[PDB]
Structure formats: structure tokens, C-alpha cells
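Quick note on labels: first sequence line is chain A, next is B, and so on, each numbered from 1.
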There are 2 protein chains.
Amino acid sequence: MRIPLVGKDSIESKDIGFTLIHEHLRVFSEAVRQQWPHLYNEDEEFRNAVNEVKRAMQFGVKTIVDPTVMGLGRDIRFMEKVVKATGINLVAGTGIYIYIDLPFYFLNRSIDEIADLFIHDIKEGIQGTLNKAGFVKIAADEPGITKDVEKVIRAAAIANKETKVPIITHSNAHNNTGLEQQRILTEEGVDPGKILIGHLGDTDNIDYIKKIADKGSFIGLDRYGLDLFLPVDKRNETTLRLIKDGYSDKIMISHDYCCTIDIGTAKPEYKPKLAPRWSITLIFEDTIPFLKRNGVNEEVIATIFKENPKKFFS
Amino acid sequence: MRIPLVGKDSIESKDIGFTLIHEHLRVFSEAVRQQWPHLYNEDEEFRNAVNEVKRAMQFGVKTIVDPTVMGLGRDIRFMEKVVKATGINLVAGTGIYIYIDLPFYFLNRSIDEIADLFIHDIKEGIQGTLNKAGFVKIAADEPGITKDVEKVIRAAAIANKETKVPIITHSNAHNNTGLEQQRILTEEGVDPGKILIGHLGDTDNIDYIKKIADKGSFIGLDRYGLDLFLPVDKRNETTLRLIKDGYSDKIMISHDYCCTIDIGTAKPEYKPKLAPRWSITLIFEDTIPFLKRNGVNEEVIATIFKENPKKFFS
Ligand SMILES: [Co+2]
Ligand SMILES: [Co+2]
Ligand SMILES: [Fe+2]
Ligand SMILES: [Fe+2]
């Protein structure tokens, strides 16, 4: 009776268990898939998602939070089927993922109208189902905090204030967008501890990363495996340094893995150089063992993957 | 047989008859409708489109060309439903409607891959049906010819050269985008006579409009009713001037009417202010009568609404 789950009764936050806070069962461009269905294979997508979730569960993952929202091809019914086939705790979200402008629908519509969409998903349910959103996802990237990006951020703040769900962000680690997202959300009255500023693991600039944590928000070291953003070894070094400097209670770790994704960058022939070891279980194979043999106590692991998510959703 | 029609056998261009070259049965943002179905009412959308098309047919319209493509919510099955209900000849298109960047799908994809999508729709069919595209639609607006906009234009050229279908554009009448579209397409080897440069009726700058006509392309005086872009009377004066100057061989006229559109700008409360007399039959009620009492004969009306679309699709 707190965190809504796809295809299940809602759960208390104290019962979330070991959590992967940022993974995607499937990502696609809504307009492309609608216009050219021949490009997609739902059987393969389902197979890939089920296989990955099953392996995560074998490593002890109890809950997966999937920030696929408008602009990334959120499909609650696809998510339902994956849950059915695996028994995973899956937290679905609402929100809008844009880099520049909103869809034309939003021309001459207020921030209130946008927030209403989020509240609908949180209180009523997603895409005509009774599966409810457990959080709001927003984005900004290379283009910075544009007018429309800002509208979406302020709409997310309204939704959090009304429903108490936390906010997960996508940011670009190199241009201050994460710090700006946090600033705007907190100014709108969002509790800093209800914000996860995403993709900060894409940089080794620990001074910037600590600024965000210092202002009270979780920091997303959340793209493990995506070497094109930052290699695994450098991520590991950065994660280890943050832990040693006392930032464990702010750290969240994940892969941002896409069991299937439709962008051209994700073509199989680019995998070897861009993301050779990227999968939903890389941290069990590399990161966690690495931390443990570099003096990191098990209590820190519990904090990052259990306590922090519990707090985020409380 | 030459021009494919939705839900009908293809027709020869000589049988196209009185044509509205740019009208929309329904426009929506794909991602918004997919994520928040509660905002839409397909019954109402269907009724609106059927009612408008029936009135157009009563006034002698034989064929409607509907350039709703990716980015505007093309839905071939909705189009089929309207054809069945009305008996209209409906030409559907392929293409991409963007102002700034392509959907993320297109990250690291070639211009050829884009063209392949268009060729698929033209040669195989649209959205898994046997209804084929009869033209390619591209756009550019206030942001100008961005890198991604330019890719789409060049993709349209490949599609035209390969399949001979014509190209219809959306442009901004005030920033030279129409002229640039024409230049890029012709430089790629597209026959200027297979291009309609759209939304030129949004300006009363006849020197600009004539520049495009002189270069061999049709000029889209195609937003009659949309006063916020240019009021009916000034459009009429511009149209009449171009006709008196001898340009009826390049003129195409339409409303760009949307029987339903989901953008906030089109909320009913704004209609009286922005587009009070906008509908799919305005040119029958105002424009054509206006031209006639200004000495324009039935032959010129025939050239614009029958002969020009015939040539365009030949
Ligand atoms: Co992201
Ligand atoms: Co247009
Ligand atoms: Fe993500
Ligand atoms: Fe249009």
C-alpha cells in the first residue's frame, strides 16, 4: 500500500528489497513504431526482456524500476507480460522525455495540463489500465534547460507535491543540466531526497557529482556498461572514490540497460566498441566484486541497493 | 493506374478530377496519443472527418490529398474507415514531418535508410496494409534547414527519383525555407514540376512566391481560413494578383483543414480569434466566388483544382 507495481498489489517501501533503480525493458520511438511497424519484432523484444529480468533475479534482484515514459515508448501491457513471465517487482513511471521541444500537442497548454497527465497516471492508471505510476521521469541533455524542458520539470514538481512520488531524471553529465534540474525542482518545493539526478556516472568530475549530493539528492551512477559515455574502469574508480569520501547514502547504481532499443547507435556491429559488456547484470559480474576487493564493506552494498531505494520511495 | 488511393484501386491521373491538394482528416502527436489515450475520442474524430468530407463532396470535390505523415499521426486504418463512410478518393502519403531533430531512432542512420522507409510505404504499403503512398511529405519551419531537416529532404529526393511520386512540403513563408527546400531537391535531381512548396499563401510577398514558381514548382496557397497566418482577404488579393500575373499554371489552393487536431492552439475557444471561417469548404464559400466576380473564369478555376493536381501526379 505505497509503491504501485505493474501487475501486482502495491507494496510497502520497506519491502522493495535489492533494487535496480534504472533499467529499460524496451525503448522505442513512438512515432517511428506507429508509422513503420515492419521495423520491429515484438517476439524478440519479449524474449530479450524476459531473459534479462530472469538473470537479474538469479543474482538476487527483487525490484526493477523502469523509467521508460513518453518519448521512450512506454507500454504498460508489454510490461505486464514481462512481469507475468518472471514474477519481478516492476515499478513503472510517468513523465516526458524530451531534449528540446514538447510534442505539438502541448502548444498553448499550461504546466498544469502537463502535470495533470502525470497525476492521471499516478492516481488513475497508465494507458487505460489500473497499473499506476510510482514516480515521474524527466530529461534534459546537450541542448540544456530549454523552455519546454523547464515546463516539464515544473510539471513533475507539481505531481510530486500532489502525490508524493519521487522524481528520476536523465541529465547530461557535462553541461550542468543535472544541477539545474535539482535547483528548479527544489525551488518548486520538491524535497531534495525525492530526486535522483541521472547519468552523473557518465563523468569522472567528482566535484560536480558531489555538488548534487551535497544539496540532498541521490546521484545516478547509473549507466554501467555504456563505455561510450564513460568506461567501466573509470566509473568504478569514481564510484569507489565517492564511497570513500562518505557519499554511499546518496549513491544509486544501475545500468540503464535496454533489453531492446531501436536507435541506430545500438546496431550489433557497434556493441564491441561502444558497450561490449553492457547488460542488466554487469554490476554483479564486475562492479560489486570490484568494490568488495577494494575495501568496501557489505553494509555499503546494502545501503546503495536496498536502503537508498527504500528511502527514495518512502 | 498510377495514383494509389486509400481503400480503392489506383487511378490514372487524368481521372483525379476536382482535388483538394492539402487537407487533414485527423492530426495528432503519436507519442501523446499512445501514452494518454484518455485525451482522445475516436468516435468524435471519425464523425468530424466524415461530415467535412461529405460536405466537400457535395460541393464537387472528387479527390483529397492528405499529407498527414510521421509526426502528424498518420493512421491508414482511420483513413480507410473514412473512405468507406464517404466514397472519397483519398491519396495518402509517406514522409517525415519535423522542425528540428529526427526521432532518436534515426541516431546514426543514413539518409538511405530514411529513404527506404518512404520507398517501403510507396511500393509495399502503409502500416502493414496494402494501401500505398502516392507522394512524400517533408517539412521545415521557423528553425530553418537544420541538419536533420536537410536529411529528410534528401531522403525525399531519393524516394522521388526511385518511384517518381511527387513531393509536398510544409514550409515557413517568412524565412526562405520553401526556396531552400526547392533548391536542395532540384540540386539532388528532382524535377521542379514534381514539387509543391507549401504554405506560401501565408505571405503576401509575391516576389518571393514568384521566385519559387519561376523555378518550376507548384506554389501552395494552401491555408485558406487560417487567419492567424494570413487573413482570407489578403490571401485572396495575393491569389488574384498571381493569377493576373499569369501564374495559374503553378498555383495550388487548399485549406490545410484538420477535421480534428489535438494541439492546444486549436481549443474551440480560440477558433473565433485564430481561424473563424476555417473549414474544408471555405474556398467554395469565399475564395472561388471572390475570384469569379473579379473576372477570373471557370477555366482558371479548372486549371488550379483539376489540371495542376493532374500534372503534379503525372
Ligand atoms: Co537517460
Ligand atoms: Co504544413
Ligand atoms: Fe534510461
Ligand atoms: Fe498540413
Do [X] and [Y] have side-chain N/O donor and acceptor atoms under 3.5 Å apart?
X        : Y        : answer
B:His199 : B:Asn172 : no
B:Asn308 : B:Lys311 : yes
B:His24  : B:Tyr257 : no
B:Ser13  : B:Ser314 : yes
B:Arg77  : B:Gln127 : no

Handout entry: B:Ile301 vs B:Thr303 side-chain heavy atoms within contact, under 4.5 Å
Key =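 A side-chain contact under 4.5 Å is absent here.
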In terms of side-chain geometry, is the basic nitrogen of [X] or [Y] positioned less than 4.0 Å from the acidic oxygen of its partner?
X        : Y        : value
B:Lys194 : B:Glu188 : no
B:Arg33  : B:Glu42  : yes
A:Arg26  : A:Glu45  : yes
B:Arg277 : B:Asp286 : yes

Practice task
Name the orientation class of the two ring planes belonging to A:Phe106 and B:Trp36 (parallel below 30°, tilted from 30 to 60°, perpendicular beyond 60°).
Solution key: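 Taking B:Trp36 first and then A:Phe106, their aromatic rings stand perpendicular (interplane angle over 60°).
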Exercise for the section: Any chance you could measure B:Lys234, atom NZ, to B:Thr203, atom OG1, to the nearest 0.5 Å? Expected result: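 Separation between the atoms: 8.5 Å.
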Exercise for the section: Would you mind telling me which of B:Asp204, B:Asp202, B:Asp227 makes a salt bridge (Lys or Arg N to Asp or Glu O under 4.0 Å) with B:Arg235? Expected result: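 Single pass found, and it is B:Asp202.
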Handout entry: Derivation of the side-chain hydrogen bond (donor to acceptor under 3.5 Å, both in side chains) call for B:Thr68 and B:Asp66
Key = CA-CA 6 Å; B:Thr68 307; B:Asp66 183 340; 2.5 Å; yes
